[PDB]
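**Student:** Structure file query18.cif (mmCIF, N, CA and C atoms) right here:
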```cif
data_entry
loop_
_atom_site.group_PDB
_atom_site.id
_atom_site.type_symbol
_atom_site.label_atom_id
_atom_site.label_comp_id
_atom_site.auth_asym_id
_atom_site.auth_seq_id
_atom_site.Cartn_x
_atom_site.Cartn_y
_atom_site.Cartn_z
ATOM 1 N N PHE R 801 0.801 -1.214 0.000
ATOM 2 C CA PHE R 801 0.000 0.000 0.000
ATOM 3 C C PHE R 801 0.838 1.269 0.000
ATOM 4 N N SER R 802 2.067 1.227 0.504
ATOM 5 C CA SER R 802 2.872 2.439 0.433
ATOM 6 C C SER R 802 3.421 2.679 -0.958
ATOM 7 N N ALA R 803 3.293 1.716 -1.869
ATOM 8 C CA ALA R 803 3.757 1.937 -3.230
ATOM 9 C C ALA R 803 2.835 2.877 -3.976
ATOM 10 N N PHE R 804 1.567 2.916 -3.598
ATOM 11 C CA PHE R 804 0.668 3.804 -4.317
ATOM 12 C C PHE R 804 -0.206 4.696 -3.446
ATOM 13 N N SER R 805 -0.697 4.200 -2.318
ATOM 14 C CA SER R 805 -1.695 4.935 -1.543
ATOM 15 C C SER R 805 -1.031 6.041 -0.740
ATOM 16 N N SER R 806 -1.229 7.282 -1.176
ATOM 17 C CA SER R 806 -0.621 8.452 -0.550
ATOM 18 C C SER R 806 -1.544 8.972 0.545
ATOM 19 N N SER R 807 -1.192 8.668 1.785
ATOM 20 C CA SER R 807 -2.045 9.059 2.895
ATOM 21 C C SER R 807 -1.950 10.544 3.219
ATOM 22 N N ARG R 808 -2.879 11.042 4.024
ATOM 23 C CA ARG R 808 -2.874 12.404 4.554
ATOM 24 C C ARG R 808 -3.825 12.430 5.741
ATOM 25 N N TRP R 809 -4.142 13.619 6.224
ATOM 26 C CA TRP R 809 -5.032 13.801 7.357
ATOM 27 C C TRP R 809 -6.042 14.880 7.023
ATOM 28 N N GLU R 810 -7.247 14.752 7.568
ATOM 29 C CA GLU R 810 -8.284 15.759 7.387
ATOM 30 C C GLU R 810 -9.144 15.832 8.632
ATOM 31 N N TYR R 811 -10.011 16.838 8.662
ATOM 32 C CA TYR R 811 -11.068 16.895 9.647
ATOM 33 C C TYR R 811 -12.064 15.763 9.461
ATOM 34 N N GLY R 812 -12.994 15.703 10.390
ATOM 35 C CA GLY R 812 -14.153 14.864 10.229
ATOM 36 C C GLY R 812 -14.881 14.850 11.544
ATOM 37 N N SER R 813 -16.189 15.015 11.504
ATOM 38 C CA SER R 813 -16.961 14.936 12.725
ATOM 39 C C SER R 813 -17.512 13.534 12.811
ATOM 40 N N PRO R 814 -17.166 12.760 13.810
ATOM 41 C CA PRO R 814 -17.780 11.444 13.951
ATOM 42 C C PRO R 814 -19.272 11.482 14.243
ATOM 43 N N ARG R 815 -19.724 12.147 15.295
ATOM 44 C CA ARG R 815 -21.158 12.181 15.570
ATOM 45 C C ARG R 815 -21.853 13.172 14.645
ATOM 46 N N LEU R 816 -22.131 12.722 13.426
ATOM 47 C CA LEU R 816 -22.923 13.507 12.485
ATOM 48 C C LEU R 816 -24.405 13.368 12.823
ATOM 49 N N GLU R 817 -24.827 14.132 13.818
ATOM 50 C CA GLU R 817 -26.181 13.996 14.330
ATOM 51 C C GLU R 817 -27.153 14.693 13.396
ATOM 52 N N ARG R 818 -28.189 13.982 12.979
ATOM 53 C CA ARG R 818 -29.132 14.529 12.028
ATOM 54 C C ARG R 818 -30.472 14.816 12.696
ATOM 55 N N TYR R 819 -31.411 15.349 11.910
ATOM 56 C CA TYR R 819 -32.740 15.684 12.419
ATOM 57 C C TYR R 819 -33.674 15.760 11.214
ATOM 58 N N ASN R 820 -34.474 14.716 10.991
ATOM 59 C CA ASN R 820 -35.474 14.635 9.922
ATOM 60 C C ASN R 820 -34.898 14.789 8.517
ATOM 61 N N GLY R 821 -33.596 14.619 8.329
ATOM 62 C CA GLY R 821 -32.950 14.985 7.086
ATOM 63 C C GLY R 821 -32.155 16.269 7.145
ATOM 64 N N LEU R 822 -31.914 16.801 8.337
ATOM 65 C CA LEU R 822 -31.182 18.041 8.548
ATOM 66 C C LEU R 822 -30.055 17.714 9.508
ATOM 67 N N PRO R 823 -28.802 18.028 9.199
ATOM 68 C CA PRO R 823 -27.740 17.827 10.189
ATOM 69 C C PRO R 823 -27.900 18.770 11.370
ATOM 70 N N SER R 824 -27.437 18.332 12.531
ATOM 71 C CA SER R 824 -27.742 19.065 13.748
ATOM 72 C C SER R 824 -26.630 18.850 14.754
ATOM 73 N N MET R 825 -26.665 19.637 15.827
ATOM 74 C CA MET R 825 -25.711 19.482 16.925
ATOM 75 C C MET R 825 -26.432 19.647 18.256
ATOM 76 N N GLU R 826 -26.598 18.537 18.961
ATOM 77 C CA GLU R 826 -27.297 18.520 20.236
ATOM 78 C C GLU R 826 -26.428 19.091 21.351
ATOM 79 N N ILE R 827 -27.065 19.843 22.252
ATOM 80 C CA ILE R 827 -26.409 20.538 23.352
ATOM 81 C C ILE R 827 -27.134 20.202 24.645
ATOM 82 N N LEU R 828 -26.390 19.740 25.633
ATOM 83 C CA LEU R 828 -26.979 19.436 26.924
ATOM 84 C C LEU R 828 -26.644 20.535 27.920
ATOM 85 N N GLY R 829 -27.180 20.386 29.128
ATOM 86 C CA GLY R 829 -26.952 21.332 30.199
ATOM 87 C C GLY R 829 -27.950 21.176 31.325
ATOM 88 N N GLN R 830 -27.511 21.370 32.563
ATOM 89 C CA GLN R 830 -28.402 21.343 33.713
ATOM 90 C C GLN R 830 -28.782 22.756 34.131
ATOM 91 N N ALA R 831 -29.463 22.836 35.267
ATOM 92 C CA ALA R 831 -29.825 24.099 35.889
ATOM 93 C C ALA R 831 -29.060 24.275 37.197
ATOM 94 N N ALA R 832 -29.236 25.446 37.806
ATOM 95 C CA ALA R 832 -28.442 25.821 38.961
ATOM 96 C C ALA R 832 -28.865 25.033 40.194
ATOM 97 N N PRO R 833 -27.911 24.745 41.100
ATOM 98 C CA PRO R 833 -28.278 24.200 42.414
ATOM 99 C C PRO R 833 -29.122 25.182 43.206
ATOM 100 N N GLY R 834 -30.360 24.801 43.493
ATOM 101 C CA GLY R 834 -31.298 25.679 44.153
ATOM 102 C C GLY R 834 -32.228 26.430 43.229
ATOM 103 N N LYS R 835 -32.030 26.337 41.917
ATOM 104 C CA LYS R 835 -32.901 26.983 40.949
ATOM 105 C C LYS R 835 -33.516 25.888 40.086
ATOM 106 N N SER R 836 -34.247 26.283 39.047
ATOM 107 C CA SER R 836 -35.040 25.333 38.279
ATOM 108 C C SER R 836 -34.702 25.389 36.799
ATOM 109 N N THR R 837 -35.331 24.471 36.063
ATOM 110 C CA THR R 837 -35.126 24.396 34.622
ATOM 111 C C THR R 837 -35.818 25.542 33.899
ATOM 112 N N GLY R 838 -36.981 25.980 34.390
ATOM 113 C CA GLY R 838 -37.724 27.017 33.689
ATOM 114 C C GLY R 838 -37.060 28.378 33.767
ATOM 115 N N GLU R 839 -36.289 28.616 34.827
ATOM 116 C CA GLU R 839 -35.430 29.791 34.858
ATOM 117 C C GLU R 839 -34.054 29.512 34.274
ATOM 118 N N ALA R 840 -33.852 28.324 33.704
ATOM 119 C CA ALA R 840 -32.670 27.993 32.923
ATOM 120 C C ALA R 840 -32.983 27.732 31.458
ATOM 121 N N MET R 841 -34.117 27.100 31.157
ATOM 122 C CA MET R 841 -34.533 26.903 29.773
ATOM 123 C C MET R 841 -34.979 28.197 29.120
ATOM 124 N N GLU R 842 -35.746 29.020 29.833
ATOM 125 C CA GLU R 842 -36.086 30.332 29.294
ATOM 126 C C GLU R 842 -34.871 31.253 29.308
ATOM 127 N N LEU R 843 -33.922 31.006 30.223
ATOM 128 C CA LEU R 843 -32.616 31.648 30.123
ATOM 129 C C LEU R 843 -31.895 31.228 28.853
ATOM 130 N N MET R 844 -31.945 29.936 28.506
ATOM 131 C CA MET R 844 -31.478 29.496 27.195
ATOM 132 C C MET R 844 -32.273 30.151 26.075
ATOM 133 N N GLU R 845 -33.566 30.394 26.289
ATOM 134 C CA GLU R 845 -34.366 31.058 25.264
ATOM 135 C C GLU R 845 -34.052 32.546 25.165
ATOM 136 N N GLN R 846 -33.352 33.107 26.155
ATOM 137 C CA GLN R 846 -32.736 34.421 25.978
ATOM 138 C C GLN R 846 -31.481 34.306 25.126
ATOM 139 N N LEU R 847 -30.846 33.140 25.156
ATOM 140 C CA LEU R 847 -29.538 32.928 24.558
ATOM 141 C C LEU R 847 -29.591 32.039 23.323
ATOM 142 N N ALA R 848 -30.762 31.512 22.973
ATOM 143 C CA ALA R 848 -30.961 30.784 21.725
ATOM 144 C C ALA R 848 -31.605 31.640 20.650
ATOM 145 N N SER R 849 -32.349 32.663 21.048
ATOM 146 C CA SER R 849 -32.890 33.621 20.100
ATOM 147 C C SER R 849 -31.884 34.704 19.734
ATOM 148 N N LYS R 850 -30.675 34.664 20.307
ATOM 149 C CA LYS R 850 -29.625 35.594 19.905
ATOM 150 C C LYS R 850 -29.178 35.366 18.471
ATOM 151 N N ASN F 239 12.131 25.592 -31.252
ATOM 152 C CA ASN F 239 12.274 24.812 -30.000
ATOM 153 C C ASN F 239 10.900 24.420 -29.505
ATOM 154 N N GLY F 240 10.143 23.826 -30.424
ATOM 155 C CA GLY F 240 8.853 23.253 -30.131
ATOM 156 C C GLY F 240 9.012 21.815 -29.710
ATOM 157 N N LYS F 241 9.904 21.611 -28.748
ATOM 158 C CA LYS F 241 10.258 20.312 -28.207
ATOM 159 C C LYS F 241 10.023 20.568 -26.724
ATOM 160 N N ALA F 242 8.768 20.417 -26.315
ATOM 161 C CA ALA F 242 8.244 21.164 -25.187
ATOM 162 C C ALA F 242 8.663 20.554 -23.858
ATOM 163 N N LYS F 243 8.388 21.292 -22.791
ATOM 164 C CA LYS F 243 8.786 20.901 -21.453
ATOM 165 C C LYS F 243 7.794 19.916 -20.853
ATOM 166 N N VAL F 244 8.316 19.021 -20.021
ATOM 167 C CA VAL F 244 7.527 18.052 -19.270
ATOM 168 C C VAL F 244 8.036 18.069 -17.839
ATOM 169 N N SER F 245 7.126 18.135 -16.873
ATOM 170 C CA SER F 245 7.514 18.087 -15.474
ATOM 171 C C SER F 245 6.715 17.004 -14.777
ATOM 172 N N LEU F 246 7.134 16.673 -13.566
ATOM 173 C CA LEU F 246 6.520 15.590 -12.824
ATOM 174 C C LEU F 246 5.741 16.082 -11.626
ATOM 175 N N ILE F 247 4.801 15.259 -11.217
ATOM 176 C CA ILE F 247 4.322 15.245 -9.848
ATOM 177 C C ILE F 247 4.650 13.842 -9.361
ATOM 178 N N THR F 248 5.845 13.665 -8.801
ATOM 179 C CA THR F 248 6.287 12.323 -8.459
ATOM 180 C C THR F 248 5.606 11.849 -7.179
ATOM 181 N N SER F 249 5.894 10.594 -6.823
ATOM 182 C CA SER F 249 5.135 9.778 -5.877
ATOM 183 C C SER F 249 4.970 10.366 -4.476
ATOM 184 N N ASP F 250 5.801 11.342 -4.115
ATOM 185 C CA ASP F 250 5.684 12.038 -2.843
ATOM 186 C C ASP F 250 4.970 13.381 -2.965
ATOM 187 N N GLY F 251 4.345 13.660 -4.110
ATOM 188 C CA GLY F 251 3.563 14.860 -4.325
ATOM 189 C C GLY F 251 4.361 16.088 -4.715
ATOM 190 N N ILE F 252 5.520 16.301 -4.086
ATOM 191 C CA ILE F 252 6.419 17.380 -4.469
ATOM 192 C C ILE F 252 6.927 17.114 -5.877
ATOM 193 N N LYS F 253 6.952 18.153 -6.701
ATOM 194 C CA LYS F 253 7.399 18.024 -8.079
ATOM 195 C C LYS F 253 8.891 17.720 -8.152
ATOM 196 N N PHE F 254 9.281 17.034 -9.220
ATOM 197 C CA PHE F 254 10.691 16.864 -9.509
ATOM 198 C C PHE F 254 11.276 18.223 -9.879
ATOM 199 N N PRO F 255 12.413 18.611 -9.277
ATOM 200 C CA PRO F 255 12.776 20.042 -9.206
ATOM 201 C C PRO F 255 13.058 20.708 -10.538
ATOM 202 N N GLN F 256 13.585 19.987 -11.514
ATOM 203 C CA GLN F 256 13.754 20.582 -12.826
ATOM 204 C C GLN F 256 12.931 19.833 -13.858
ATOM 205 N N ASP F 257 12.542 20.571 -14.888
ATOM 206 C CA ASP F 257 11.702 20.054 -15.951
ATOM 207 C C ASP F 257 12.515 19.224 -16.924
ATOM 208 N N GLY F 258 11.908 18.883 -18.047
ATOM 209 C CA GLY F 258 12.617 18.083 -19.017
ATOM 210 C C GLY F 258 11.801 17.960 -20.279
ATOM 211 N N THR F 259 12.447 17.443 -21.297
ATOM 212 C CA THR F 259 12.041 17.709 -22.654
ATOM 213 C C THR F 259 11.211 16.576 -23.230
ATOM 214 N N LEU F 260 10.052 16.924 -23.769
ATOM 215 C CA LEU F 260 9.266 16.007 -24.574
ATOM 216 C C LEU F 260 10.056 15.732 -25.839
ATOM 217 N N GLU F 261 10.689 14.565 -25.904
ATOM 218 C CA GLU F 261 11.574 14.260 -27.020
ATOM 219 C C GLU F 261 10.808 14.071 -28.320
ATOM 220 N N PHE F 262 9.809 13.204 -28.331
ATOM 221 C CA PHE F 262 9.035 13.027 -29.547
ATOM 222 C C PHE F 262 7.608 12.647 -29.192
ATOM 223 N N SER F 263 6.859 12.274 -30.219
ATOM 224 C CA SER F 263 5.552 11.661 -30.084
ATOM 225 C C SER F 263 5.535 10.427 -30.963
ATOM 226 N N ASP F 264 5.223 9.271 -30.383
ATOM 227 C CA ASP F 264 4.989 8.082 -31.187
ATOM 228 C C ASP F 264 3.781 8.259 -32.079
ATOM 229 N N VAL F 265 3.725 7.439 -33.112
ATOM 230 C CA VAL F 265 2.446 7.193 -33.739
ATOM 231 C C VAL F 265 2.215 5.687 -33.690
ATOM 232 N N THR F 266 1.886 5.179 -32.515
ATOM 233 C CA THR F 266 1.859 3.734 -32.300
ATOM 234 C C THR F 266 0.648 3.384 -31.459
ATOM 235 N N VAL F 267 -0.534 3.787 -31.928
ATOM 236 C CA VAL F 267 -1.746 3.714 -31.119
ATOM 237 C C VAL F 267 -2.035 2.290 -30.703
ATOM 238 N N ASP F 268 -1.991 2.065 -29.396
ATOM 239 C CA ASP F 268 -2.380 0.797 -28.822
ATOM 240 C C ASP F 268 -3.819 0.525 -29.190
ATOM 241 N N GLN F 269 -4.099 -0.726 -29.525
ATOM 242 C CA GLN F 269 -5.436 -1.103 -29.935
ATOM 243 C C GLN F 269 -6.418 -0.980 -28.783
ATOM 244 N N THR F 270 -5.938 -1.093 -27.555
ATOM 245 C CA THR F 270 -6.823 -1.186 -26.415
ATOM 246 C C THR F 270 -7.122 0.148 -25.769
ATOM 247 N N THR F 271 -6.143 0.988 -25.566
ATOM 248 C CA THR F 271 -6.443 2.077 -24.644
ATOM 249 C C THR F 271 -6.253 3.466 -25.221
ATOM 250 N N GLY F 272 -5.808 3.589 -26.460
ATOM 251 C CA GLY F 272 -5.631 4.927 -26.978
ATOM 252 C C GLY F 272 -4.306 5.560 -26.605
ATOM 253 N N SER F 273 -3.207 4.989 -27.063
ATOM 254 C CA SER F 273 -1.888 5.407 -26.628
ATOM 255 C C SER F 273 -1.194 6.216 -27.714
ATOM 256 N N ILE F 274 -0.832 7.442 -27.404
ATOM 257 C CA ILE F 274 -0.001 8.212 -28.313
ATOM 258 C C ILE F 274 1.296 8.368 -27.551
ATOM 259 N N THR F 275 1.797 7.245 -27.025
ATOM 260 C CA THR F 275 2.872 7.149 -26.042
ATOM 261 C C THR F 275 4.041 8.080 -26.301
ATOM 262 N N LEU F 276 4.217 9.051 -25.425
ATOM 263 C CA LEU F 276 5.184 10.104 -25.634
ATOM 264 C C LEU F 276 6.512 9.678 -25.035
ATOM 265 N N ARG F 277 7.434 10.622 -24.936
ATOM 266 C CA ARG F 277 8.765 10.285 -24.460
ATOM 267 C C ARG F 277 9.382 11.550 -23.885
ATOM 268 N N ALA F 278 9.404 11.645 -22.580
ATOM 269 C CA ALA F 278 9.938 12.815 -21.917
ATOM 270 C C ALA F 278 11.319 12.468 -21.395
ATOM 271 N N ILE F 279 12.351 13.071 -21.962
ATOM 272 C CA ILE F 279 13.704 12.808 -21.499
ATOM 273 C C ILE F 279 14.053 13.789 -20.394
ATOM 274 N N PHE F 280 14.491 13.259 -19.262
ATOM 275 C CA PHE F 280 14.750 14.074 -18.090
ATOM 276 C C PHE F 280 16.206 13.989 -17.670
ATOM 277 N N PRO F 281 16.772 15.076 -17.170
ATOM 278 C CA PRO F 281 18.001 14.967 -16.390
ATOM 279 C C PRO F 281 17.712 14.330 -15.042
ATOM 280 N N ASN F 282 18.743 13.716 -14.469
ATOM 281 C CA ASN F 282 18.580 12.972 -13.223
ATOM 282 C C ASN F 282 19.830 13.141 -12.381
ATOM 283 N N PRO F 283 19.910 14.214 -11.593
ATOM 284 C CA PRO F 283 21.158 14.528 -10.893
ATOM 285 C C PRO F 283 21.534 13.553 -9.787
ATOM 286 N N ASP F 284 20.663 13.352 -8.801
ATOM 287 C CA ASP F 284 20.977 12.539 -7.637
ATOM 288 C C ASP F 284 20.401 11.148 -7.760
ATOM 289 N N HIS F 285 20.113 10.728 -8.994
ATOM 290 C CA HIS F 285 19.395 9.496 -9.320
ATOM 291 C C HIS F 285 18.076 9.406 -8.568
ATOM 292 N N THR F 286 17.388 10.533 -8.451
ATOM 293 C CA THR F 286 16.068 10.560 -7.831
ATOM 294 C C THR F 286 14.991 10.406 -8.880
ATOM 295 N N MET F 287 15.132 9.410 -9.712
ATOM 296 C CA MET F 287 14.097 9.100 -10.676
ATOM 297 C C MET F 287 13.717 7.635 -10.732
ATOM 298 N N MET F 288 14.677 6.699 -10.548
ATOM 299 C CA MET F 288 14.472 5.252 -10.438
ATOM 300 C C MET F 288 13.583 4.654 -11.518
ATOM 301 N N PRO F 289 14.101 4.344 -12.698
ATOM 302 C CA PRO F 289 13.241 4.025 -13.841
ATOM 303 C C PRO F 289 12.364 2.803 -13.650
ATOM 304 N N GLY F 290 11.077 3.066 -13.516
ATOM 305 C CA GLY F 290 10.128 2.018 -13.262
ATOM 306 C C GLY F 290 8.984 2.417 -12.361
ATOM 307 N N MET F 291 9.052 3.548 -11.660
ATOM 308 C CA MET F 291 7.824 3.921 -10.974
ATOM 309 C C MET F 291 7.005 4.804 -11.890
#
```
Could you render the structure from this file as structure tokens?

**Tutor:**
Amino acid sequence: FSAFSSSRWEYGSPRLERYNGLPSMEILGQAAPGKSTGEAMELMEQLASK
Amino acid sequence: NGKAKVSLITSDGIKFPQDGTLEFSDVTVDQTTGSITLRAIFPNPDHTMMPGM
């Protein structure tokens, strides 16, 4: 194989996460100790509509 | 001097450093693949050509 196959390196994303035929990137996250998801999810909705 | 230049992209991707001359053109068309088999004569300073690759 070294007689002909000229190797190299490239990028590549292994987790090619899709969505109904659309590529996507899932993001996780918790909420604060002592606080709730609704003051964190709507906080994300302050930061996802950006 | 229509005996034109020929250069390489040899097996390591980097070009062979100096060019070389298309000596002639055959008229010896292979029946199978369409060969107008040319002939590029090259200088070979450090024997970095190894006839056969």

**Student:** Let me know the centre plus edge lengths, in Å and rounded to one decimal, of a box with edges along x, y and z that contains all listed atoms of stretch 250-261 of chain F and is padded by 5 Å on every side, as AutoDock Vina command-line options.

**Tutor:**
```
--center_x 8.7 --center_y 16.0 --center_z -15.6 --size_x 20.2 --size_y 19.4 --size_z 35.5
```

**Student:** Near residue F:276, within 9 Å and counting only C-alpha atoms, which residues show up once chain neighbours fewer than 5 positions away are dropped, as a PyMOL selection string?

**Tutor:** chain F and resi 260-264

**Student:** If you measure from atom CA of residue F:250 to atom CA of residue R:806, what distance in Å do you get, rounded to one decimal?

**Tutor:**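 One can read the atom CA of residue F:250 to atom CA of residue R:806 distance as 7.6 Å.
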
**Student:** Considering only strand (DSSP E or B) as DSSP defines it on the backbone, what residues of chain F qualify? List them as a VMD selection string.

**Tutor:** chain F and resid 243 to 244 258 to 263 276 to 279

**Student:** Check chain R with DSSP on the backbone and list each residue it calls helix (DSSP H, G or I), as a PyMOL selection string.

**Tutor:** chain R and resi 838-848

**Student:** So which residues get picked by the PyMOL selection byres ((chain F and name CA) within 9 of (chain R and name CA)) here, written as a VMD selection string?

**Tutor:** chain F and resid 249 to 251 291

**Student:** Between atom N of residue R:801 and atom N of residue F:248, measure the distance and give it in Å to one decimal.

**Tutor:**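 Here the two named atoms are 18.0 Å from each other.
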